[PDB]
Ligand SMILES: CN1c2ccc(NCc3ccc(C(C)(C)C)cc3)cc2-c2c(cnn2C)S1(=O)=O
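Before any questions on how it binds or moves, here is one chain, the form solved without the named molecule, in C-alpha cells.
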C-alpha cells in the first residue's frame, strides 16, 4: 500500500511545474527525514483529473531501477499529492546549461550510460517510453541521473510518419537525448520547423557531431539514427558500448 499519511510530509519550496501543478521538495518522516519531491494537482478536486494524475503513480510503481525515479507513495484525498524520490539537482537540461563549462566529458558520458541502463531495463520489461529527451531526465547528484515521470524533433521517422512506437523508436530518441547531453542541453534542430524534420532525415541528414564529443560516441549516436529501425542497436548493446566509451574516457 502506497498511501502516505499527510502528517508525515512537510511541504517545502517549489522546485518545478508539471502538467497538473507545482512540484515541491519536502520531507517524508517514516519508520526518517527523507528528502522527497511532492507533485501537486491543481484540479484533482475533479475525479476526471485525479484519475489521470494518479495514473502517473500507477505507472511508476511498476518499475524499480536505480536510474528511474522511484514512487514513494500517494495521498489520494484533496489536495491530491504524489510523493516521489527527490532528484535534488533538478532538470537535466538546465543542469547541463549551467554547468556547460564545468562538467567534464566523463560525466556527460556517464549520464548517457546511466540512462542506457534504465532504458535497457525498460526494454527488458517490454515497456516503450515514447518520450526520451533531456527534458525528461532528472539529476540526483553530480554523478547520478534518472529518467523522470508531438516531440517531432526527437522522434524516429517511423513514429513521425506512421505512429509506430517500439523499443527501436526509443533508441532513436535516446540517440537525440545523447546528442543533447553532449551539446550541454541545446535542443535539436533549433530554428527548424517541426514539419521540416522528416524531410531532412529522409535526405540522410543527421544532427552533427557535438564539439568535443568522442567520434566513437558520435558514431554510436548515428547508429541510433539508422532509418531502418531493425538496423539500430538494442539498448543492451548501447549500454555495452557506452560502458567502454565511459571507461576509455575515465582513463583519459
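Residue numbers count along the first chain shown, from 1. By rigid core we mean the largest C-alpha set that fits within 1.5 Å across both forms.
The following text describes the form deposited with the named molecule bound, which does not appear among the structures shown.
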Item to complete: Pop the named molecule in from its pose in the deposited bound form with a site C-alpha superposition and tell me open or blocked, counting ligand atoms that come within 2.4 Å of any backbone or C-beta atom (3 or more means blocked).
Response: blocked
Worksheet item: So which stretch, 171-179, 73-81, 156-164, 102-110, is the one near the named molecule in the deposited bound form (non-hydrogen atoms, 4.5 Å)?
Response: 171-179
Discussion item. How about residue 147 - does it come within 4.5 Å of the named molecule in the deposited bound form, if we only consider non-hydrogen atoms?
Written reply: yes
Discussion item. Can you work out whether residue 68 and the named molecule are in contact in the deposited bound form, taking contact to mean some heavy atom pair no more than 4.5 Å apart?
Written reply: yes
Worksheet item: Are any of the heavy atoms in residue 136 no more than 4.5 Å from a heavy atom of the named molecule in the deposited bound form?
Response: yes
Item to complete: State yes or no: in the deposited bound form, is some non-hydrogen atom of residue 60 no more than 4.5 angstroms from a non-hydrogen atom of the named molecule?
Response: yes
Discussion item. When the rigid core is used for the superposition, does residue 128 move between the shown form and the other one (threshold: C-alpha shift of 2 Å or more)?
Written reply: yes
Discussion item. A 3 angstroms or greater change in CA distance between residue 208 and residue 134 is reported in the deposited bound form. Closer or farther than in this form?
Written reply: farther
Worksheet item: residue 130 and residue 213: do their C-alpha atoms lie closer or farther in the deposited bound form than in the form you see, with a change of 3 Å or more?
Response: farther
